[PDB]
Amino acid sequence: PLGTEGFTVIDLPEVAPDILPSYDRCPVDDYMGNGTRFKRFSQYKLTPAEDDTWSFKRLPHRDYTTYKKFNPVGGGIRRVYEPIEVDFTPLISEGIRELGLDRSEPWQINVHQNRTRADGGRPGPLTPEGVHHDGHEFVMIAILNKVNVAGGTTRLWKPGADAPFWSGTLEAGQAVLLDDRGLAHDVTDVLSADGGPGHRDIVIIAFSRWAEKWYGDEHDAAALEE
């Protein structure tokens, strides 16, 4: 499973030819990033399959809801996103293999397909939450494309620490897997590499056991404090 410090960085396999172009068709995120972020969102059930594989089932499309206690800037509201068009589940299966997810019960994943844009004088913020936990058990963050950007350095923190214990800029074709309970994280802003427009295209996958799923009326009521 994960490295002893609670994270692993991996190389990603080649992706299908529809993945990178699909980022050009992500609409603006009306809730986060103040116009610098573009997003699609889908959720899946993840079940252990015989032959020691995993089965993915796309769930009916629902608004994204998270808790203010994890995300103070985007929590506590219904966030209406459009579904992801392409199939990230081959990519996600690489992360699962490295996580060694507990096969004794089913899992539920949130999948966020994000583009953040940077331009001269306007960095693209990646973690306006600051140093945070996502609220899930594991998180996978995969970088699919970077064009004309600098910055975007991932920092991993022990809870309460004054400084991160690991920093690294993930490049296209890399992913980090995180123990999202034991570690906190942030990412420095995306910067324009030369003064002109640039962008950073990623997918974030948040893993929870189905028994603790971030999906459905009970989760929504809890996250919205209803």
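Throughout, we count residues from 1 along the sequence that is shown.
For the pair 119-127 and 91-99, the mean B factor over Cα atoms is greater in 91-99.
Comparing 145-153 with 101-109, the stretch with the higher mean C-alpha B-factor in the PDB entry is 101-109. Within the selection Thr169, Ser42, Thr47, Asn34, the deposited Cα B-factor values reach their highest point at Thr47. Highest CA B-factor among the listed residues (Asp201, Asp29, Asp51, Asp63): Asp51. Per the PDB record, residue ranking by Cα B-factor puts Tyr67 in the middle third of the chain. When all modelled residues of the chain are sorted by CA temperature factor, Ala184 is found within the lowest third.
Among all modelled residues in this chain, the alpha-carbon of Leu191 has a temperature factor (C-alpha) in the middle third. Sorting the modelled residues of the chain by their CA temperature factor places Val9 in the lowest third.
Sort the modelled residues of the chain by CA B factor and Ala206 lands in the lowest third.
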